[PDB]
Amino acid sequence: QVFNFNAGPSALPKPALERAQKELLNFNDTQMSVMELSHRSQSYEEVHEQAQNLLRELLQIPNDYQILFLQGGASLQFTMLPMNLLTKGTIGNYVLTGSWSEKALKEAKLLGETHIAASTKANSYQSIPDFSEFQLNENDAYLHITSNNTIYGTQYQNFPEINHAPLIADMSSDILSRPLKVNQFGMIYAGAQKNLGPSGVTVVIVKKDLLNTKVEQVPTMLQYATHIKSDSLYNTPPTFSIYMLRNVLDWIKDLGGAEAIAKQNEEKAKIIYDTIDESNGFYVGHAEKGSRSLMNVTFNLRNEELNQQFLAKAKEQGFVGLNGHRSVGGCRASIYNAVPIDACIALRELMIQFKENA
């Protein structure tokens, strides 16, 4: 028995993988793998377009937004965003809700003026700040948020209404886990490898008229305009990763889309949070209740010996990935879209038995 709670890359839906396996050598009757095709072939172009069209349908992306498939991870977006929008005289304004927020801010600092609109750093990132706390500037180039703080296990419940500057979000660890009002945002980005399949592609949803203009001085590959104009085919795309993304999106659609996956995600999170909350303090969640993530459940036992013993027992029992991020310790159960509910049931049973036997 294996229970895959990996935090990134992570569990994929089996039908996406079974589909890939079956056609790995002969895709679309071509007698070639999708990995062996030109990105200008009809067979690949169909995949590339269908991945865009599925994202558009599933997230209800408006027609004045474009979907980009880029290399480099979310980490490259931390620099590409300020390179394109943080112009002289303006400010990259950041809401700090975890380590990934900090990493995004650091890159902007290398390129221009920055600001902290709000932060829960002083309290170790246990919550999302109230929107009334946000300190905004008239010359903000953007306001950047991290929707799901993967290391700390906290998540935005809803999103602020920002009118003075575009709202930008790193949605790497919760994109397409629930319905989204895309028109609240100027840009959304996500490495695919948490909730959308493959590592090696980053999905960037951009309001076209904010970013389709040449930016003086910026290298060709680092301009959003390059990728918008070329439909993410300026250079050779990560064709297998985009194919796998397509397959995962087909699965999300098949299961009922964003609304259906939100229902599933709420149920399997509740299995784990109820286990914590019924444990009389034997397990302690990091997040405040009102900010608990549906995607990454972070917790500790009462001391580090017990944390070690629990994690060792989990590994013995077939659980993969439960060690917390190195920077914070404890435990982290990553329960992205494709993690099956019976893995969560199994984790509950492990947690109850370990408590009882301690």
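Heads up: residue numbers just count along the shown sequence, starting at 1.
(request) Higher average CA B factor in the deposited record is what I'm after, so tell me if that's 166 to 174 or 203 to 211. (result) If you average the C-alpha B-factors of 166 to 174 and of 203 to 211, the larger mean comes out for 203 to 211.
(request) Output the stretch having the higher mean C-alpha B factor in the entry; the candidates are 137 to 145 and 246 to 254. (result) The stretch with the larger mean CA B-factor is 137 to 145.
(message) Highest Cα temperature factor in the entry, among the options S241, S101, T154, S124: which one is it?
(response) Result of the comparison over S241, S101, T154, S124: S124.
(message) Highest recorded C-alpha temperature factor, please, choosing from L96, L76, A260, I91.
(response) Out of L96, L76, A260, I91, the record gives the largest C-alpha B-factor to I91.
(message) Test of reading the entry: by CA B factor among the chain's modelled residues, which third contains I352?
(response) Middle third.
(request) Sort the modelled residues of this chain by their C-alpha B factor and say whether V218 lands in the lowest, middle or highest third. (result) Within its chain, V218 is a highest-third residue by C-alpha B-factor, going by the deposited values.
(request) Would you mind checking where the Cα B-factor of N280 ranks among the modelled residues of its chain, as the lowest, middle or highest third? (result) Lowest third - that is where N280 ends up once the chain's C-alpha B-factors are sorted.
(message) Among the modelled residues of this chain, does the Cα B factor of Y273 put it in the lowest, middle or highest third?
(response) Bottom third by C-alpha B-factor.
(message) Could you place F185 in the lowest, middle or highest third of its chain by Cα temperature factor, using the values in the record?
(response) It falls in the middle third of the chain.
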